[PDB]
>>> print(open('final-v8.cif').read())   # mmCIF, C-alpha atoms and all ligand atoms
data_model
loop_
_atom_site.group_PDB
_atom_site.id
_atom_site.type_symbol
_atom_site.label_atom_id
_atom_site.label_comp_id
_atom_site.auth_asym_id
_atom_site.auth_seq_id
_atom_site.Cartn_x
_atom_site.Cartn_y
_atom_site.Cartn_z
ATOM 1 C CA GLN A 1 -20.040 15.895 10.535
ATOM 2 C CA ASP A 2 -17.428 18.136 8.885
ATOM 3 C CA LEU A 3 -15.561 21.127 10.306
ATOM 4 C CA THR A 4 -13.409 23.838 8.761
ATOM 5 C CA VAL A 5 -10.541 25.431 10.653
ATOM 6 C CA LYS A 6 -8.986 28.786 9.790
ATOM 7 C CA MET A 7 -5.197 28.717 9.819
ATOM 8 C CA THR A 8 -3.049 31.771 10.432
ATOM 9 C CA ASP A 9 0.648 32.528 10.075
ATOM 10 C CA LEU A 10 1.946 33.339 13.563
ATOM 11 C CA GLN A 11 4.824 35.421 12.175
ATOM 12 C CA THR A 12 2.883 37.621 9.737
ATOM 13 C CA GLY A 13 -0.524 37.324 11.370
ATOM 14 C CA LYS A 14 -2.121 36.741 7.968
ATOM 15 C CA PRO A 15 -4.358 33.773 7.020
ATOM 16 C CA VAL A 16 -2.842 30.994 4.890
ATOM 17 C CA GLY A 17 -5.953 28.939 4.222
ATOM 18 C CA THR A 18 -8.214 26.381 5.869
ATOM 19 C CA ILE A 19 -8.236 22.723 6.879
ATOM 20 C CA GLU A 20 -11.340 20.544 6.644
ATOM 21 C CA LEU A 21 -11.797 17.812 9.230
ATOM 22 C CA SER A 22 -14.072 14.876 8.509
ATOM 23 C CA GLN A 23 -14.849 11.644 10.326
ATOM 24 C CA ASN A 24 -14.705 8.350 8.411
ATOM 25 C CA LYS A 25 -14.551 4.616 9.197
ATOM 26 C CA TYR A 26 -10.758 4.647 9.523
ATOM 27 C CA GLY A 27 -10.347 7.830 11.553
ATOM 28 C CA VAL A 28 -10.182 11.589 11.146
ATOM 29 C CA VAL A 29 -9.172 13.014 7.790
ATOM 30 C CA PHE A 30 -7.453 16.397 7.608
ATOM 31 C CA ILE A 31 -7.895 17.957 4.170
ATOM 32 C CA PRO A 32 -5.616 20.986 3.858
ATOM 33 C CA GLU A 33 -6.083 23.961 1.531
ATOM 34 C CA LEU A 34 -3.131 26.103 2.586
ATOM 35 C CA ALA A 35 -0.760 28.471 0.811
ATOM 36 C CA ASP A 36 2.280 30.658 1.492
ATOM 37 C CA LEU A 37 4.161 27.953 3.363
ATOM 38 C CA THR A 38 7.744 26.795 2.845
ATOM 39 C CA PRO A 39 8.113 23.724 0.544
ATOM 40 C CA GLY A 40 8.897 20.440 2.252
ATOM 41 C CA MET A 41 7.535 18.251 5.038
ATOM 42 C CA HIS A 42 6.122 20.127 8.050
ATOM 43 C CA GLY A 43 5.474 18.890 11.573
ATOM 44 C CA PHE A 44 1.724 18.704 12.003
ATOM 45 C CA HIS A 45 0.128 18.115 15.398
ATOM 46 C CA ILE A 46 -2.880 18.757 17.570
ATOM 47 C CA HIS A 47 -1.927 20.718 20.694
ATOM 48 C CA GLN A 48 -3.480 20.739 24.193
ATOM 49 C CA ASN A 49 -4.931 24.244 24.690
ATOM 50 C CA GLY A 50 -7.380 25.878 22.302
ATOM 51 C CA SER A 51 -5.412 29.031 21.609
ATOM 52 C CA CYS A 52 -2.800 30.351 19.198
ATOM 53 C CA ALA A 53 -1.719 33.274 21.381
ATOM 54 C CA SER A 54 1.918 33.740 22.356
ATOM 55 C CA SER A 55 3.587 32.550 25.528
ATOM 56 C CA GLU A 56 6.632 33.528 27.577
ATOM 57 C CA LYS A 57 9.505 31.143 28.236
ATOM 58 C CA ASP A 58 12.476 32.274 30.324
ATOM 59 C CA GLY A 59 12.321 35.845 29.072
ATOM 60 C CA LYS A 60 11.750 34.924 25.429
ATOM 61 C CA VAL A 61 8.526 35.198 23.441
ATOM 62 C CA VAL A 62 7.104 31.920 22.113
ATOM 63 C CA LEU A 63 4.816 32.340 19.096
ATOM 64 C CA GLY A 64 1.916 29.918 19.419
ATOM 65 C CA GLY A 65 3.123 29.029 22.908
ATOM 66 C CA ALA A 66 -0.277 29.413 24.553
ATOM 67 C CA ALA A 67 -1.266 26.259 22.646
ATOM 68 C CA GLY A 68 0.748 24.208 25.127
ATOM 69 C CA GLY A 69 2.281 20.847 24.273
ATOM 70 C CA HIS A 70 0.948 18.007 22.116
ATOM 71 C CA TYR A 71 -2.525 16.608 22.782
ATOM 72 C CA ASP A 72 -1.795 13.665 25.104
ATOM 73 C CA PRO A 73 -4.968 12.504 26.973
ATOM 74 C CA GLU A 74 -3.260 9.140 27.560
ATOM 75 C CA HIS A 75 -0.442 10.996 29.310
ATOM 76 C CA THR A 76 2.217 9.095 27.368
ATOM 77 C CA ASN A 77 4.792 11.882 27.579
ATOM 78 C CA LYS A 78 6.322 10.587 24.338
ATOM 79 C CA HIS A 79 6.178 11.733 20.724
ATOM 80 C CA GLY A 80 5.689 9.148 18.004
ATOM 81 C CA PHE A 81 3.849 7.934 14.919
ATOM 82 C CA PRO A 82 0.112 8.375 14.130
ATOM 83 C CA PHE A 83 -0.220 4.589 14.212
ATOM 84 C CA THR A 84 1.487 3.912 17.565
ATOM 85 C CA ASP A 85 -0.470 3.986 20.854
ATOM 86 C CA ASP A 86 2.362 4.764 23.299
ATOM 87 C CA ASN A 87 2.692 8.435 22.357
ATOM 88 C CA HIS A 88 0.816 11.735 21.954
ATOM 89 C CA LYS A 89 -2.565 11.110 20.392
ATOM 90 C CA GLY A 90 -2.095 14.546 18.847
ATOM 91 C CA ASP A 91 0.676 13.219 16.605
ATOM 92 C CA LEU A 92 -0.475 13.442 12.978
ATOM 93 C CA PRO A 93 1.281 12.495 9.734
ATOM 94 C CA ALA A 94 3.613 15.228 8.448
ATOM 95 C CA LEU A 95 2.162 17.965 6.215
ATOM 96 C CA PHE A 96 3.469 18.176 2.626
ATOM 97 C CA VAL A 97 4.003 21.541 0.942
ATOM 98 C CA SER A 98 4.602 21.557 -2.813
ATOM 99 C CA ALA A 99 7.176 23.651 -4.654
ATOM 100 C CA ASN A 100 4.578 26.391 -5.213
ATOM 101 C CA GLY A 101 4.037 26.674 -1.459
ATOM 102 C CA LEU A 102 0.649 24.941 -1.488
ATOM 103 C CA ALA A 103 -0.556 22.064 0.697
ATOM 104 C CA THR A 104 -3.523 20.011 -0.516
ATOM 105 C CA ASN A 105 -2.486 16.419 0.369
ATOM 106 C CA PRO A 106 -5.052 14.947 2.836
ATOM 107 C CA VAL A 107 -3.779 13.025 5.869
ATOM 108 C CA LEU A 108 -5.406 10.387 8.102
ATOM 109 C CA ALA A 109 -5.237 10.072 11.906
ATOM 110 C CA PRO A 110 -6.524 6.571 12.843
ATOM 111 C CA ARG A 111 -6.341 7.148 16.604
ATOM 112 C CA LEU A 112 -8.495 10.292 16.619
ATOM 113 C CA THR A 113 -12.183 11.179 16.652
ATOM 114 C CA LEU A 114 -13.832 14.451 15.634
ATOM 115 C CA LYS A 115 -15.657 15.071 18.942
ATOM 116 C CA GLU A 116 -12.493 15.107 21.052
ATOM 117 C CA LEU A 117 -10.763 17.657 18.810
ATOM 118 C CA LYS A 118 -13.045 20.598 19.628
ATOM 119 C CA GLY A 119 -11.271 23.155 21.799
ATOM 120 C CA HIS A 120 -7.785 22.109 20.680
ATOM 121 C CA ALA A 121 -5.278 23.929 18.486
ATOM 122 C CA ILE A 122 -3.927 22.604 15.186
ATOM 123 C CA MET A 123 -0.245 23.438 14.747
ATOM 124 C CA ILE A 124 2.102 23.552 11.764
ATOM 125 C CA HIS A 125 5.825 23.704 12.473
ATOM 126 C CA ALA A 126 8.790 25.080 10.566
ATOM 127 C CA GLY A 127 10.760 21.838 10.558
ATOM 128 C CA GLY A 128 9.659 18.299 9.771
ATOM 129 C CA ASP A 129 8.747 15.331 11.934
ATOM 130 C CA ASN A 130 10.610 12.015 12.182
ATOM 131 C CA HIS A 131 8.075 10.932 14.833
ATOM 132 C CA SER A 132 10.594 10.496 17.624
ATOM 133 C CA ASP A 133 12.148 12.518 20.426
ATOM 134 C CA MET A 134 15.527 11.676 18.880
ATOM 135 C CA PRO A 135 17.778 13.191 17.810
ATOM 136 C CA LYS A 136 15.498 16.174 18.454
ATOM 137 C CA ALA A 137 12.529 16.260 20.802
ATOM 138 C CA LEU A 138 9.026 16.396 19.378
ATOM 139 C CA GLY A 139 10.305 15.030 16.083
ATOM 140 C CA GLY A 140 12.287 18.171 15.302
ATOM 141 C CA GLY A 141 9.389 20.389 14.290
ATOM 142 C CA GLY A 142 11.009 23.356 16.010
ATOM 143 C CA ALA A 143 9.219 26.708 15.761
ATOM 144 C CA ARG A 144 5.468 26.939 15.193
ATOM 145 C CA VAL A 145 4.633 28.750 11.988
ATOM 146 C CA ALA A 146 0.873 28.329 11.552
ATOM 147 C CA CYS A 147 -1.911 27.743 14.015
ATOM 148 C CA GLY A 148 -5.696 27.425 14.213
ATOM 149 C CA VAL A 149 -8.293 26.708 16.888
ATOM 150 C CA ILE A 150 -10.779 23.890 16.373
ATOM 151 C CA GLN A 151 -14.254 25.160 17.272
ATOM 152 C CA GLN B 1 5.579 -10.580 10.787
ATOM 153 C CA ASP B 2 7.804 -8.174 8.831
ATOM 154 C CA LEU B 3 8.908 -8.311 5.195
ATOM 155 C CA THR B 4 11.523 -6.442 3.187
ATOM 156 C CA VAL B 5 11.066 -5.719 -0.503
ATOM 157 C CA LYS B 6 13.887 -4.872 -2.901
ATOM 158 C CA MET B 7 13.083 -1.935 -5.156
ATOM 159 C CA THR B 8 14.668 -1.404 -8.551
ATOM 160 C CA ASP B 9 14.756 1.475 -11.015
ATOM 161 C CA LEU B 10 13.036 0.259 -14.188
ATOM 162 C CA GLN B 11 14.929 2.761 -16.357
ATOM 163 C CA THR B 12 18.476 2.103 -15.116
ATOM 164 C CA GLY B 13 17.921 -1.406 -13.795
ATOM 165 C CA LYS B 14 19.824 -0.530 -10.622
ATOM 166 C CA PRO B 15 18.525 -0.958 -7.038
ATOM 167 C CA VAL B 16 17.360 2.158 -5.169
ATOM 168 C CA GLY B 17 16.769 0.657 -1.742
ATOM 169 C CA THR B 18 14.231 -1.394 0.187
ATOM 170 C CA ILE B 19 10.793 -1.061 1.757
ATOM 171 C CA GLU B 20 9.844 -2.775 5.013
ATOM 172 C CA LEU B 21 6.259 -3.925 5.441
ATOM 173 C CA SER B 22 4.856 -4.523 8.903
ATOM 174 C CA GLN B 23 1.407 -5.349 10.236
ATOM 175 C CA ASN B 24 -0.022 -3.290 13.109
ATOM 176 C CA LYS B 25 -3.419 -2.671 14.740
ATOM 177 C CA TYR B 26 -4.323 0.073 12.261
ATOM 178 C CA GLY B 27 -3.156 -1.594 9.056
ATOM 179 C CA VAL B 28 -0.029 -2.191 7.008
ATOM 180 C CA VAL B 29 2.900 0.167 7.428
ATOM 181 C CA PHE B 30 5.299 0.741 4.540
ATOM 182 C CA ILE B 31 8.661 1.986 5.800
ATOM 183 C CA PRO B 32 10.758 3.160 2.851
ATOM 184 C CA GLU B 33 14.553 3.383 2.697
ATOM 185 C CA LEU B 34 15.010 4.514 -0.899
ATOM 186 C CA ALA B 35 17.455 6.773 -2.714
ATOM 187 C CA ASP B 36 18.154 8.177 -6.182
ATOM 188 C CA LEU B 37 14.569 9.245 -6.782
ATOM 189 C CA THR B 38 13.291 12.618 -7.983
ATOM 190 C CA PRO B 39 12.224 15.018 -5.161
ATOM 191 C CA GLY B 40 8.499 15.477 -4.677
ATOM 192 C CA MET B 41 5.389 13.370 -4.130
ATOM 193 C CA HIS B 42 5.305 10.056 -6.025
ATOM 194 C CA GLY B 43 2.351 7.834 -6.863
ATOM 195 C CA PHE B 44 2.672 4.726 -4.738
ATOM 196 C CA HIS B 45 0.482 1.677 -5.310
ATOM 197 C CA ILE B 46 0.253 -2.073 -5.070
ATOM 198 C CA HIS B 47 -0.290 -3.640 -8.500
ATOM 199 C CA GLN B 48 -2.079 -6.872 -9.508
ATOM 200 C CA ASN B 49 0.620 -9.179 -10.935
ATOM 201 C CA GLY B 50 3.796 -10.114 -9.088
ATOM 202 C CA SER B 51 6.277 -8.994 -11.711
ATOM 203 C CA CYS B 52 8.246 -5.913 -12.715
ATOM 204 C CA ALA B 53 8.990 -7.083 -16.259
ATOM 205 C CA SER B 54 8.063 -4.946 -19.254
ATOM 206 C CA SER B 55 4.910 -5.181 -21.320
ATOM 207 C CA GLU B 56 3.848 -4.255 -24.846
ATOM 208 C CA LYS B 57 1.048 -1.799 -25.560
ATOM 209 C CA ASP B 58 0.095 -0.991 -29.153
ATOM 210 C CA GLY B 59 3.646 -1.300 -30.432
ATOM 211 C CA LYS B 60 5.235 0.598 -27.548
ATOM 212 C CA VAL B 61 7.265 -0.823 -24.669
ATOM 213 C CA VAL B 62 5.797 -0.320 -21.188
ATOM 214 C CA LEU B 63 8.380 -0.458 -18.389
ATOM 215 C CA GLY B 64 6.868 -2.275 -15.424
ATOM 216 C CA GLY B 65 3.846 -3.128 -17.560
ATOM 217 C CA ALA B 66 3.811 -6.812 -16.645
ATOM 218 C CA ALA B 67 2.704 -5.672 -13.176
ATOM 219 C CA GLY B 68 -0.767 -5.020 -14.571
ATOM 220 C CA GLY B 69 -3.154 -2.480 -13.080
ATOM 221 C CA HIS B 70 -3.802 -1.542 -9.447
ATOM 222 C CA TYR B 71 -4.616 -4.262 -6.917
ATOM 223 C CA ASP B 72 -8.435 -4.285 -6.936
ATOM 224 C CA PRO B 73 -9.847 -7.528 -5.387
ATOM 225 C CA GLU B 74 -13.137 -5.685 -4.794
ATOM 226 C CA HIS B 75 -13.295 -4.985 -8.527
ATOM 227 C CA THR B 76 -14.114 -1.317 -7.958
ATOM 228 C CA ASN B 77 -12.577 -0.154 -11.233
ATOM 229 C CA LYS B 78 -11.928 3.235 -9.618
ATOM 230 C CA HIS B 79 -8.837 4.919 -8.199
ATOM 231 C CA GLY B 80 -9.111 6.772 -4.911
ATOM 232 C CA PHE B 81 -7.840 7.439 -1.402
ATOM 233 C CA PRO B 82 -6.303 4.884 1.027
ATOM 234 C CA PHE B 83 -9.223 5.547 3.369
ATOM 235 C CA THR B 84 -12.094 5.105 0.884
ATOM 236 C CA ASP B 85 -13.637 1.669 0.204
ATOM 237 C CA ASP B 86 -15.051 2.253 -3.298
ATOM 238 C CA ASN B 87 -11.703 2.116 -5.097
ATOM 239 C CA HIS B 88 -8.540 0.051 -5.653
ATOM 240 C CA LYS B 89 -7.432 -1.507 -2.397
ATOM 241 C CA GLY B 90 -3.931 -1.128 -3.813
ATOM 242 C CA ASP B 91 -4.146 2.655 -3.476
ATOM 243 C CA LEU B 92 -1.569 3.801 -0.913
ATOM 244 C CA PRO B 93 -0.691 7.279 0.368
ATOM 245 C CA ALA B 94 1.751 9.132 -1.905
ATOM 246 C CA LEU B 95 5.497 8.598 -1.382
ATOM 247 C CA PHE B 96 7.566 11.632 -0.310
ATOM 248 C CA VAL B 97 11.086 12.159 -1.646
ATOM 249 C CA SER B 98 13.241 14.789 0.055
ATOM 250 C CA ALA B 99 15.475 17.314 -1.688
ATOM 251 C CA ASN B 100 18.437 14.923 -1.400
ATOM 252 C CA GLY B 101 16.502 12.262 -3.308
ATOM 253 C CA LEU B 102 15.830 10.095 -0.254
ATOM 254 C CA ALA B 103 12.518 8.633 0.929
ATOM 255 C CA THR B 104 12.229 7.559 4.568
ATOM 256 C CA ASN B 105 8.712 8.768 5.533
ATOM 257 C CA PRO B 106 6.582 5.729 6.565
ATOM 258 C CA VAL B 107 3.022 5.455 5.237
ATOM 259 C CA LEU B 108 -0.052 3.577 6.509
ATOM 260 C CA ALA B 109 -2.617 1.590 4.491
ATOM 261 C CA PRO B 110 -5.646 0.945 6.771
ATOM 262 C CA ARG B 111 -7.497 -1.234 4.253
ATOM 263 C CA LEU B 112 -4.653 -3.715 3.724
ATOM 264 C CA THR B 113 -3.273 -6.820 5.412
ATOM 265 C CA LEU B 114 0.194 -8.346 5.074
ATOM 266 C CA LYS B 115 -0.963 -11.830 3.989
ATOM 267 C CA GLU B 116 -2.814 -10.605 0.901
ATOM 268 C CA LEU B 117 0.176 -8.620 -0.376
ATOM 269 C CA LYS B 118 2.405 -11.612 -1.154
ATOM 270 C CA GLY B 119 2.739 -12.145 -4.896
ATOM 271 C CA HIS B 120 1.928 -8.529 -5.771
ATOM 272 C CA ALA B 121 4.175 -5.783 -7.121
ATOM 273 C CA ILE B 122 4.872 -2.489 -5.347
ATOM 274 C CA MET B 123 5.072 0.405 -7.803
ATOM 275 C CA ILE B 124 6.502 3.919 -7.635
ATOM 276 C CA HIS B 125 5.474 6.356 -10.353
ATOM 277 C CA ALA B 126 7.115 9.405 -11.880
ATOM 278 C CA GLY B 127 4.227 11.765 -11.187
ATOM 279 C CA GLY B 128 2.169 12.270 -8.046
ATOM 280 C CA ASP B 129 -1.257 11.071 -6.975
ATOM 281 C CA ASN B 130 -4.335 13.218 -6.317
ATOM 282 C CA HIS B 131 -6.280 9.998 -5.628
ATOM 283 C CA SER B 132 -8.784 10.449 -8.431
ATOM 284 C CA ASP B 133 -9.202 9.520 -12.080
ATOM 285 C CA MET B 134 -9.577 13.246 -12.773
ATOM 286 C CA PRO B 135 -8.193 15.222 -14.413
ATOM 287 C CA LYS B 136 -5.828 12.322 -15.120
ATOM 288 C CA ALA B 137 -6.601 8.642 -14.679
ATOM 289 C CA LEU B 138 -4.963 6.714 -11.865
ATOM 290 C CA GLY B 139 -4.286 9.958 -10.027
ATOM 291 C CA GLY B 140 -1.764 11.143 -12.604
ATOM 292 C CA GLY B 141 1.123 8.915 -11.584
ATOM 293 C CA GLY B 142 2.076 8.420 -15.221
ATOM 294 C CA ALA B 143 5.170 6.320 -15.944
ATOM 295 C CA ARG B 144 6.414 3.681 -13.508
ATOM 296 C CA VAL B 145 9.908 4.424 -12.285
ATOM 297 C CA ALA B 146 10.569 1.869 -9.539
ATOM 298 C CA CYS B 147 9.171 -1.563 -8.884
ATOM 299 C CA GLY B 148 9.536 -4.530 -6.533
ATOM 300 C CA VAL B 149 7.872 -7.906 -6.032
ATOM 301 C CA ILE B 150 6.477 -8.816 -2.624
ATOM 302 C CA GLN B 151 7.591 -12.353 -1.763
HETATM 303 CU CU CU A 201 3.250 20.590 17.372
HETATM 304 CU CU CU A 202 0.610 2.325 -9.707
HETATM 305 ZN ZN ZN A 203 3.785 14.552 19.743
HETATM 306 ZN ZN ZN A 204 -5.600 2.911 -7.848
#
>>> encode(input="final-v8.cif", output="structure tokens", more="lines below")
Ligand SMILES: [Cu+2]
Ligand SMILES: [Cu+2]
Ligand SMILES: [Zn+2]
Ligand SMILES: [Zn+2]
Amino acid sequence: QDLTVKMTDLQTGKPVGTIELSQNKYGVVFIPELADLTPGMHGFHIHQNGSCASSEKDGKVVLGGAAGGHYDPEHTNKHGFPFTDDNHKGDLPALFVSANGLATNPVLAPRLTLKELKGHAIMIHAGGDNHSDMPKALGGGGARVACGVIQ
Amino acid sequence: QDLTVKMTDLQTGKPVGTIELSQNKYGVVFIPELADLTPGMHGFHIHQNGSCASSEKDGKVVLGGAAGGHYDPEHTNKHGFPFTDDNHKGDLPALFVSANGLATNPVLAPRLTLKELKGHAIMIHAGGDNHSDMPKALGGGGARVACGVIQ
């Protein structure tokens, strides 16, 4: 059981690579093979709706907005760590992008399973993720730069 | 059950911060609060001996050498991922250092427990960690830059 997800830059509309999802004894592993991203730590989460289309919010366009909020089947309404149960189950460890703009560092999500991810969108944000709604909500990820639908 | 470990730069001999270890349902969490480190991804592992003293290797001095190799109670003799069982149980996820030389991104080790860590050394390497003995052994961490004994 292994799946590959195509990731696309929402700003340019061009592909940036793929992410392989595999199931193992300790949870779901996300193995990235991305490029053309800004160096640093990027917010990385699974979102509710399976779509990367835009959305409208008070007159302004929201790239990746159709993806909705963070996957939260427990209805926790809080953003947190990948190893805490009182927050979005869609909260994954932050995504690392090297100096050359490449991301190849695999991350583990202990609270997730492969079967429940189908039909959900994988998001990559511009900012990082301190896994808290403070000082900024949703860990401070801000804008959504890359997105892909898990099918 | 929470422990704090003092980390010291092996080259300068000066402290660089602390790392808090806590036990949770999914494993051991390492919460770093370090500074004065080089930006980028650093190899991060638990070593066999509880010491950060130097060692001698074919006439050359080895900073942090007294720490021995990677914690490997299973005697796997292989270096790998934190979520694979056929490799050093001391293999942790790589440590991220921001542009300002600070490391505050918590990491999870699903295969570890707090009680077995006492008496072991926590190591931070100069290079990164691709979690494989190829192309470079021990994931390519190279020299040991920071070390601390878990007591
Ligand atoms: Cu998100
Ligand atoms: Cu090491
Ligand atoms: Zn969240
Ligand atoms: Zn190892």
>>> residues_near_ligand(input="final-v8.cif", ligand="ligand CU 201 (chain A)", cutoff="8 Å", atoms="only C-alpha atoms and all ligand atoms", output="ChimeraX atom specification")
/A:43-47,69-70,91,122-125,138,141,144
>>> closest_atom_pairs(input="final-v8.cif", of="chain B", to="ligand CU 202 (chain A)", cutoff="12 Å", atoms="all atoms listed in the file", output="Markdown table")
| residue | atom | partner | partner_atom | distance |
| --- | --- | --- | --- | --- |
| B:42 | CA | A:CU202 | CU | 9.8 |
| B:43 | CA | A:CU202 | CU | 6.4 |
| B:44 | CA | A:CU202 | CU | 5.9 |
| B:45 | CA | A:CU202 | CU | 4.4 |
| B:46 | CA | A:CU202 | CU | 6.4 |
| B:47 | CA | A:CU202 | CU | 6.2 |
| B:48 | CA | A:CU202 | CU | 9.6 |
| B:49 | CA | A:CU202 | CU | 11.6 |
| B:52 | CA | A:CU202 | CU | 11.6 |
| B:63 | CA | A:CU202 | CU | 12.0 |
| B:64 | CA | A:CU202 | CU | 9.6 |
| B:65 | CA | A:CU202 | CU | 10.1 |
| B:66 | CA | A:CU202 | CU | 11.9 |
| B:67 | CA | A:CU202 | CU | 9.0 |
| B:68 | CA | A:CU202 | CU | 8.9 |
| B:69 | CA | A:CU202 | CU | 7.0 |
| B:70 | CA | A:CU202 | CU | 5.9 |
| B:71 | CA | A:CU202 | CU | 8.9 |
| B:72 | CA | A:CU202 | CU | 11.5 |
| B:79 | CA | A:CU202 | CU | 9.9 |
| B:80 | CA | A:CU202 | CU | 11.7 |
| B:88 | CA | A:CU202 | CU | 10.3 |
| B:89 | CA | A:CU202 | CU | 11.5 |
| B:90 | CA | A:CU202 | CU | 8.2 |
| B:91 | CA | A:CU202 | CU | 7.8 |
| B:92 | CA | A:CU202 | CU | 9.2 |
| B:93 | CA | A:CU202 | CU | 11.3 |
| B:94 | CA | A:CU202 | CU | 10.4 |
| B:95 | CA | A:CU202 | CU | 11.5 |
| B:120 | CA | A:CU202 | CU | 11.6 |
| B:121 | CA | A:CU202 | CU | 9.2 |
| B:122 | CA | A:CU202 | CU | 7.8 |
| B:123 | CA | A:CU202 | CU | 5.2 |
| B:124 | CA | A:CU202 | CU | 6.4 |
| B:125 | CA | A:CU202 | CU | 6.4 |
| B:126 | CA | A:CU202 | CU | 9.9 |
| B:127 | CA | A:CU202 | CU | 10.2 |
| B:128 | CA | A:CU202 | CU | 10.2 |
| B:129 | CA | A:CU202 | CU | 9.4 |
| B:131 | CA | A:CU202 | CU | 11.1 |
| B:137 | CA | A:CU202 | CU | 10.8 |
| B:138 | CA | A:CU202 | CU | 7.4 |
| B:139 | CA | A:CU202 | CU | 9.1 |
| B:140 | CA | A:CU202 | CU | 9.6 |
| B:141 | CA | A:CU202 | CU | 6.9 |
| B:142 | CA | A:CU202 | CU | 8.3 |
| B:143 | CA | A:CU202 | CU | 8.7 |
| B:144 | CA | A:CU202 | CU | 7.1 |
| B:145 | CA | A:CU202 | CU | 9.9 |
| B:146 | CA | A:CU202 | CU | 10.0 |
| B:147 | CA | A:CU202 | CU | 9.4 |
| B:148 | CA | A:CU202 | CU | 11.7 |
>>> write_last_selection(input="final-v8.cif", atoms="C-alpha atoms", output="CSV table (one decimal), in the coordinates of the input")
chain,number,residue,atom,x,y,z
B,42,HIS,CA,5.3,10.1,-6.0
B,43,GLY,CA,2.4,7.8,-6.9
B,44,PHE,CA,2.7,4.7,-4.7
B,45,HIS,CA,0.5,1.7,-5.3
B,46,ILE,CA,0.3,-2.1,-5.1
B,47,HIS,CA,-0.3,-3.6,-8.5
B,48,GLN,CA,-2.1,-6.9,-9.5
B,49,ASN,CA,0.6,-9.2,-10.9
B,52,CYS,CA,8.2,-5.9,-12.7
B,63,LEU,CA,8.4,-0.5,-18.4
B,64,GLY,CA,6.9,-2.3,-15.4
B,65,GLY,CA,3.8,-3.1,-17.6
B,66,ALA,CA,3.8,-6.8,-16.6
B,67,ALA,CA,2.7,-5.7,-13.2
B,68,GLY,CA,-0.8,-5.0,-14.6
B,69,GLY,CA,-3.2,-2.5,-13.1
B,70,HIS,CA,-3.8,-1.5,-9.4
B,71,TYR,CA,-4.6,-4.3,-6.9
B,72,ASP,CA,-8.4,-4.3,-6.9
B,79,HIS,CA,-8.8,4.9,-8.2
B,80,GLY,CA,-9.1,6.8,-4.9
B,88,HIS,CA,-8.5,0.1,-5.7
B,89,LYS,CA,-7.4,-1.5,-2.4
B,90,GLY,CA,-3.9,-1.1,-3.8
B,91,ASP,CA,-4.1,2.7,-3.5
B,92,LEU,CA,-1.6,3.8,-0.9
B,93,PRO,CA,-0.7,7.3,0.4
B,94,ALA,CA,1.8,9.1,-1.9
B,95,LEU,CA,5.5,8.6,-1.4
B,120,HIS,CA,1.9,-8.5,-5.8
B,121,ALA,CA,4.2,-5.8,-7.1
B,122,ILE,CA,4.9,-2.5,-5.3
B,123,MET,CA,5.1,0.4,-7.8
B,124,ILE,CA,6.5,3.9,-7.6
B,125,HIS,CA,5.5,6.4,-10.4
B,126,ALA,CA,7.1,9.4,-11.9
B,127,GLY,CA,4.2,11.8,-11.2
B,128,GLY,CA,2.2,12.3,-8.0
B,129,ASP,CA,-1.3,11.1,-7.0
B,131,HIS,CA,-6.3,10.0,-5.6
B,137,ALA,CA,-6.6,8.6,-14.7
B,138,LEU,CA,-5.0,6.7,-11.9
B,139,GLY,CA,-4.3,10.0,-10.0
B,140,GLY,CA,-1.8,11.1,-12.6
B,141,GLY,CA,1.1,8.9,-11.6
B,142,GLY,CA,2.1,8.4,-15.2
B,143,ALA,CA,5.2,6.3,-15.9
B,144,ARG,CA,6.4,3.7,-13.5
B,145,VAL,CA,9.9,4.4,-12.3
B,146,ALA,CA,10.6,1.9,-9.5
B,147,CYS,CA,9.2,-1.6,-8.9
B,148,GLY,CA,9.5,-4.5,-6.5
>>> axis_aligned_box(input="final-v8.cif", around="segment 116-119 of chain A", padding_each_side="8 Å", output="AutoDock Vina command-line options")
--center_x -11.9 --center_y 19.1 --center_z 20.3 --size_x 18.3 --size_y 24.0 --size_z 19.0
>>> atom_distance(input="final-v8.cif", atom1="atom CA of residue 14 of chain B", atom2="atom CA of residue 53 of chain B")
13.9 Å
>>> atom_distance(input="final-v8.cif", atom1="atom CA of residue 54 of chain A", atom2="atom CA of residue 13 of chain A")
11.8 Å
>>> atom_distance(input="final-v8.cif", atom1="atom CA of residue 2 of chain A", atom2="atom CA of residue 35 of chain A")
21.2 Å
>>> closest_residue(input="final-v8.cif", among="A:73, A:58, A:149, A:119", to="ligand ZN 203 (chain A)", atoms="all atoms listed in the file")
A:73
>>> closest_residue(input="final-v8.cif", among="A:20, A:116, A:36, A:86", to="ligand ZN 203 (chain A)", atoms="only C-alpha atoms and all ligand atoms")
A:86
>>> residues_around(input="final-v8.cif", residues="residue 34 of chain B", least_positions_apart="6", cutoff="10 Å", atoms="all atoms listed in the file", output="VMD selection string")
chain B and resid 6 to 8 15 to 19 97 101 to 105
>>> closest_residue(input="final-v8.cif", among="A:151, A:33, A:115, A:77", to="ligand ZN 203 (chain A)", atoms="all atoms listed in the file")
A:77
>>> resolve_selection(input="final-v8.cif", expression="the PyMOL selection byres (((chain B and resi 1) around 7) and not hetatm)", output="list in words")
residues 2, 3, 22 and 23 of chain B
>>> decode(input="final-v8.cif", residues="segment 118-128 of chain A", atoms="C-alpha atoms", output="mmCIF file, in the first residue's frame")
data_model
loop_
_atom_site.group_PDB
_atom_site.id
_atom_site.type_symbol
_atom_site.label_atom_id
_atom_site.label_comp_id
_atom_site.auth_asym_id
_atom_site.auth_seq_id
_atom_site.Cartn_x
_atom_site.Cartn_y
_atom_site.Cartn_z
ATOM 1 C CA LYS A 118 -8.029 9.445 0.238
ATOM 2 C CA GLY A 119 -10.113 12.380 -0.961
ATOM 3 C CA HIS A 120 -8.186 14.951 1.082
ATOM 4 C CA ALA A 121 -5.789 17.668 -0.051
ATOM 5 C CA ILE A 122 -2.139 17.908 0.996
ATOM 6 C CA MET A 123 -1.079 21.516 1.552
ATOM 7 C CA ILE A 124 2.275 23.286 1.740
ATOM 8 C CA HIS A 125 2.318 26.803 3.159
ATOM 9 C CA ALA A 126 4.588 29.790 2.659
ATOM 10 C CA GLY A 127 5.419 30.241 6.333
ATOM 11 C CA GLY A 128 6.424 27.695 8.952
#
